[PDB]
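Those protein sequences? They're chains C, E, D and a, same order as listed.
The authors' numbering numbers the first residue of the first sequence as 7 and each following residue consecutively.
The authors' numbering numbers the first residue of the second sequence as 7 and each following residue consecutively.
The authors' numbering numbers the first residue of the third sequence as 7 and each following residue consecutively.
Numbered by the authors' numbering, the letters in the fourth sequence go through residues 3 to 26, 37 to 64 in order.
The beta-carbon is built from N, C-alpha and C at its ideal position, and this holds for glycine as well.
Comments concern the structure below.
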Amino acid sequence: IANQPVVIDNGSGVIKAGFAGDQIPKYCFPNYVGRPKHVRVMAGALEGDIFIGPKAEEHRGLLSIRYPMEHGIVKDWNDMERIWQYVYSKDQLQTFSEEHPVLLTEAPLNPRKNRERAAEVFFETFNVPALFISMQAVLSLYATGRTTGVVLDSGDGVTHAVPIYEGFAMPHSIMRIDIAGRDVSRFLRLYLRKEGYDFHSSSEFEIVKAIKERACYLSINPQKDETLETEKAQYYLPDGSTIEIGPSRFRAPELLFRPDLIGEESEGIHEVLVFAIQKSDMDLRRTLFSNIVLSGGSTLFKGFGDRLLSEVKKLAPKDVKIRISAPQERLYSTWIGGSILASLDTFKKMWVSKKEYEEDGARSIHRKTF
Amino acid sequence: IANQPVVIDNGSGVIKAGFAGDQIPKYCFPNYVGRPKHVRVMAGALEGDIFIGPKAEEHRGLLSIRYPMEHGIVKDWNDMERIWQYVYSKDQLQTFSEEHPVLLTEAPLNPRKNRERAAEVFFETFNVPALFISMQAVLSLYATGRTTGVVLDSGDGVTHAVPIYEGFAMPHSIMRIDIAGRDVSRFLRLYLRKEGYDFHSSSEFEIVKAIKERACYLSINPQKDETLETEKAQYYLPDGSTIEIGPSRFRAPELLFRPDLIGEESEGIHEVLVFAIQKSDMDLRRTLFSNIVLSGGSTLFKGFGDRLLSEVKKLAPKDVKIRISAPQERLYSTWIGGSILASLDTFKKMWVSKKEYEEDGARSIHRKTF
Amino acid sequence: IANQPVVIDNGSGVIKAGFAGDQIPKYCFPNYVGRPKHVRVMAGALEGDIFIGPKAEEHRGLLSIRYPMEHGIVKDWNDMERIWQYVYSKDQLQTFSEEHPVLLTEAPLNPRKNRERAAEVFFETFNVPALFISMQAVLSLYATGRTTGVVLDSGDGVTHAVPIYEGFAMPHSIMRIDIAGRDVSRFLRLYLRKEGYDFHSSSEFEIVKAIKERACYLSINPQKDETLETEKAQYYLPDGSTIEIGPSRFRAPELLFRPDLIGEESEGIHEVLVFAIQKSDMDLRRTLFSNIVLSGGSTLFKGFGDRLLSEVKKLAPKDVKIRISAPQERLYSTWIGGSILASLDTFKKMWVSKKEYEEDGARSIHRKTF
Amino acid sequence: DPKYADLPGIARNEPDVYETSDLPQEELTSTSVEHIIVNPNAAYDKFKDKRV
Ligand SMILES: Nc1ncnc2c1ncn2[C@@H]1O[C@H](COP(=O)(O)OP(=O)(O)O)[C@@H](O)[C@H]1O
Ligand SMILES: Nc1ncnc2c1ncn2[C@@H]1O[C@H](COP(=O)(O)OP(=O)(O)O)[C@@H](O)[C@H]1O
Ligand SMILES: Nc1ncnc2c1ncn2[C@@H]1O[C@H](COP(=O)(O)OP(=O)(O)O)[C@@H](O)[C@H]1O
């Protein structure tokens, strides 16, 4: 059985979908898990009353949105259950897991119960013939065509650099960090209450994140630009409400490199990248200086890479050529690299048959991921 | 087995009644409790000592009319029975309490004790097989067919901004202000003494209502149209006399937007609806202007919604697209929507079973209506 | 200045006033902002036309009582000025701003704009030399003598546990929330309409508040006591008009733990306290379990803290010994603690020299108010 | 309309609907980034031959 392989982008920030060979992820939508905030009495509301998809994508303040992916790690598997049921929706795919080769992705260092649980679903409820839960930076290696390289990722509450070389077992040098825009936008809600902007809902948070993705730049100088006089850009809400900003628009992404703003003890992912460089060797370091990849949808900012490049230069060694390759569509690029790997038929060794999962499971996971 | 229900559209001031599936409430007359005021003498002098309809119009200043519906909230339950008996009679129903299912209308957030009192009537004195009483706004929405909709409607001594959306129970956003045209007629009585007219009878009040619903409207400018010199429209009294009017006719509904004239700390129900909008969600608020539903015979006036349009223009910010929907049968829109639900088999799940009321009552009543 | 330092008891609902060294706040009064609802055409009536004190605390329905602290966040400013002029009234002070050191208290995360307004007031209108603006829970720690503790405030529309440890700046760990009994009493006005009580005035709301502060409590068993039926004890109006109390007395304050009754998603601030616990550390958590403070007027209910004890018992794990501390003088704890801090020599460095502070802008004490 | 003629308690000259007026990324070009495109078909068929 070799039908078209399912490309399952396991997007923590924004989940994406489609099959291999498709040069564009057909279905793309975030981590939102809704069901109505209110209670409908008269008919006129839609049916299912746990909505994810266009209904949720058109009724924000109506559905009680939730998120199981605590730092991209789903806790409410039930949400994923319904999501995967929605994967074969009449709008979506209308097919079977049984009917297709399936491919999964995974940010490393997650607790084994996560991918084990997911595989339980896909081999018990769903019944995939052959599958595998790959990593996520390899997708970017396909998108770049590279083999050697540092790959930064960006979900919603997860961001980390992945130093790679031709797919080699370097997990100590390879890093993982679970922090991103989720709490940055929550910190933006903090800014809101800091200056009287009354905002607390999840749908309200969606609006906040939309404007965050919209009205938030990155000033290269941290305090030299942070201590300036702000114009407080009056963002007129989608409803029409005029709302100023302040330096907060670039202050909140500094937290990603100034974790002490929230009080977290960290270094800045670029410093962790430097630690990965230290974990690598002098010859391989230069390659990584030349090979850096920024990916993930949360990386989208104004003055983003120039600032981070400058910060790296502030911490880089003597005149070593720092080079960051970049995919223009960091959201797409991931799913598309996964589409490449799914369309790669050498996966025969790399997959996991259903029977094998029934026999071992965890052992089959490790022995096939290593 | 059940029978054909009777779509009975009540209200704070006017009751409408017809069977299921009909297009016209065949039995319409206002909500009033009349009974004689004089010493009966000769033979043939109509006994019953409570008269409604042709007898009411026939003996206007001869029958003491009562209105126990304290803004719809009635207190002469015994007389309510008799009103229904008048309907039960060969005049209107020609049937029994058990011969047909009943349909009835309910204003929002009234004291449950009243409802329960009516249930005592309907299932002990009267014996309804199955019934259900709910929001008139919902019925009006059935008539419009809309599901997403802020229903602005007013009874006769009750006003109520009802922001609804696909049957979603949003009682926090949903409001009601139990004051309307009954008091505007009382305010017209105030105008009567302001021009020296002691026409305080209930029949005199009916004459006041006739001219009220007859000669009044909403001038869009308040004092630009009020402070000028009037013509004092010589309204020819039906008696054969004539009384002038002046600006008073359009000055009276200004009180509906300026409750300070009567000394009331309301806001002009349109502003209360704006607050209801403020209790909703930002971009959904935009849709509420599109989801504008207007009703109420009390609201049937020239430039009514137009003045209200200007009001909201002076209240709502930009990017607001009001979409008024006020037919010529807003009264019957509730009755016709009741006929729609009467044509719906959803009532089988939405009834008020006699048996369960006999078993529990109050708790079962709220379990039936909620 | 070498005088008695003023301790502003800037209470949300009840904004009292006083000095340092004293154990009783000089004058106690709420956020009432009255202006007569009529016109004294007859000479010989009472002056003022703005009422703070027994003038309003004696006549309520005659005056358009107002309240600008939108969950503590005051919107009026001119009225506040006049309130502070009244602070210097004959009965009140007969002193000068220059003549006395003044200390202001505030809720955390308030807008800087309010402090700017206060600077304008006490530096342009008033001229306090020693003016400092502070927090409110620190005051409670002064009164209790504790340094480590979970301080739960209880205002009219502001309640939030403040987990402190020796004054350590834990803004991320510490949680602020602006909601309390205001809309609970208003929700009881909703109950009033559901029980037939036509009340719409803030004065009427104050009478309901007299019931709130008087005939209300927290039933530790939520539905075990809610699903039952009380005898609905009767409350007497200022006239003495008999009005039943009902189950509402404990049903309405459940919204404080069940915020979805109003529809607003929240937790019941004890769970937010648990979130603060999560932000804290394991054994330091135990200290704060043993260190919980209950201040604010709205804490006064039967089984209040005991019900919350049961809540955390249903939340905290096993062998978790928790201890609360609810001083009898909840609001005064803040006031007396302000008297304590205002009576300090180190406290002289807390404020900034008046004129220079005006020249320093506001950001200086904005950075120094932590 | 026919129902509007049917019952007497029906007002006339009503434009039932009254509406108001009505009228009718940047860092992919950022200099310091070495932003690359892919054309996955070519590189896919290229690396596709890597039977590993
Ligand atoms: N301009 C922007 N600024 C910040 N975040 C953005 C922007 N555009 C998209 N996003 C983010 O895209 C992210 C999606 O990440 P994604 O690429 O799907 O990573 P993953 O696949 O690991 O979830 C969301 O977290 C959302 O915050
Ligand atoms: N043309 C009119 N102008 C003003 N008032 C009217 C007109 N027609 C009817 N009314 C009054 O307005 C009320 C209609 O609003 P509706 O919601 O049907 O009231 P109710 O709920 O009192 O039956 C009627 O009770 C009637 O007294
Ligand atoms: N006996 C009482 N029971 C319940 N609430 C009370 C009592 N006495 C005062 N209050 C409440 O105190 C609140 C007044 O707000 P206040 O406590 O002054 O704000 P802050 O906490 O900022 O000082 C109101 O909620 C009022 O109901």
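What are the partner residues of D/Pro-42, as DSSP defines its beta bridges? D/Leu-69
What is the rounded straight-line gap between the Cα of D/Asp-366 and the Cα of C/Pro-117? 53 Å
Which residues, in chain order, does the region 158–191 of chain E contribute to contact with chain C at a C-beta distance below 7 Å? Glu-172, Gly-173, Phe-174, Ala-175 and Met-176
Would you please state the rounded distance, in angstroms, between the beta carbons of E/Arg-41 and E/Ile-21? I believe it to be under 8 Å. Their Cβ separation, rounded to whole angstroms, is 17 Å, which puts E/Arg-41 and E/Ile-21 out of contact at 8 Å.
Going by other Cβ atoms of all chains shown within 10 Å of its Cβ, with 16 needed for buried, is a/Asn-51 buried or exposed? exposed
Spatially closest choice to C/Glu-260 from C/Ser-191, C/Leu-294 and C/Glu-210, by CA coordinates: C/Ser-191
Residue ranges of each beta strand (DSSP E) within the region 304–373 of chain C, 3 or longer: 330–333
Specify the secondary structure class of D/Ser-140 as computed by DSSP and reduced to three states. strand
Return the CA-CA distance between E/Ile-183 and D/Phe-193, expressed in angstroms with no decimal places. 16 Å
Does the region 288–308 of chain C come close enough to the region 204–216 of chain C to have 3 or more Cβ pairs within less than 8 Å? no
Of the choices E/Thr-340, E/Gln-10, E/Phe-353 and E/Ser-18, whose alpha-carbon is the least far from that of E/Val-164? E/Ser-18
Identify the contact partners of D/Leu-115 in chain C, using a Cβ-Cβ distance below 8 Å as the criterion. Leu-196, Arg-199 and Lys-200
What in chain C is Cβ-close to a/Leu-40, meaning under 7 Å? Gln-334
Tell me the rounded alpha-carbon separation between D/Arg-336 and D/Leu-300. 7 Å
Under 6 Å: does the beta carbon of E/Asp-162 sit that close to some heavy atom of ligand 2? yes
Go through the region 178–253 of chain D residue by residue and report every complete run of the beta strand (DSSP E) that reaches 3 residues or more, in order. 240–242 and 248–250
Report the rounded CA-to-CA distance for D/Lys-43 versus D/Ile-58, giving the unit in angstroms. 15 Å
Please state whether the Cβ-Cβ distance between D/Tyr-171 and D/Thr-150 is less than 7 Å. no
Could you work out which residue in D/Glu-362, D/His-372 and D/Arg-373 is closest to D/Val-134 when comparing CA atoms only? D/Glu-362
C/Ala-322 touches chain a at which residues, Cβ-Cβ below 7 Å? The premise fails here: C/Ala-322 is roughly 13 Å from chain a at the closest Cβ pair, so nothing lies under 7 Å.
What residue range is occupied by the uninterrupted alpha helix (DSSP H) comprising E/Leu-294? 288–296
Neighbour-count burial assignment, E/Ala-49, 16 or more Cβ in a 10 Å radius: exposed
Answer with yes or no whether the minimum CB distance from E/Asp-289 to chain C is below 7 Å. yes
Run down chain a in chain order and give the residues with a C-beta less than 7 Å from the C-beta of C/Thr-375. Correct list: empty, because the minimum Cβ distance to chain a is about 15 Å.
Give the DSSP-derived three-state secondary structure of D/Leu-115 in the structure shown. coil
Spell out the partners DSSP gives C/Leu-110 in its beta bridges. C/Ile-139
Selected residue, minimal CA-CA separation from D/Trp-83, among D/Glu-104, D/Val-39 and D/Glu-63: D/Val-39
Ligand 1 and C/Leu-347: does any heavy atom of the ligand fall closer than 6 Å to the residue's C-beta? no
According to DSSP, is E/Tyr-33 helix, strand or coil? strand
Please list the residues of the region 254–282 of chain C that have a C-beta atom closer than 8 Å to any C-beta atom in chain D, keeping them in chain order. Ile-268 and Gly-269
How about the region 120–127 of chain C and the region 338–350 of chain C: do they share at least three Cβ pairs that are nearer than 8 Å? no
Secondary structure of E/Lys-61, DSSP reduced to three states: helix
In DSSP terms, what D/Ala-26 is bridged to: Beta-bridge pairing links D/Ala-26 to no other residue.
Flag C/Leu-306 as yes when its Cβ comes closer than 6 Å to any non-hydrogen atom of ligand 1, and as no otherwise. yes
Along the region 296–310 of chain C, what residues have a CB closer than 8 Å to any CB found in chain a? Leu-300, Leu-306, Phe-307, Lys-308, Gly-309 and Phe-310
Check whether the region 300–320 of chain E touches the region 218–226 of chain E, counting contact only when three or more Cβ pairs, one atom from each stretch, lie closer than 8 Å. yes
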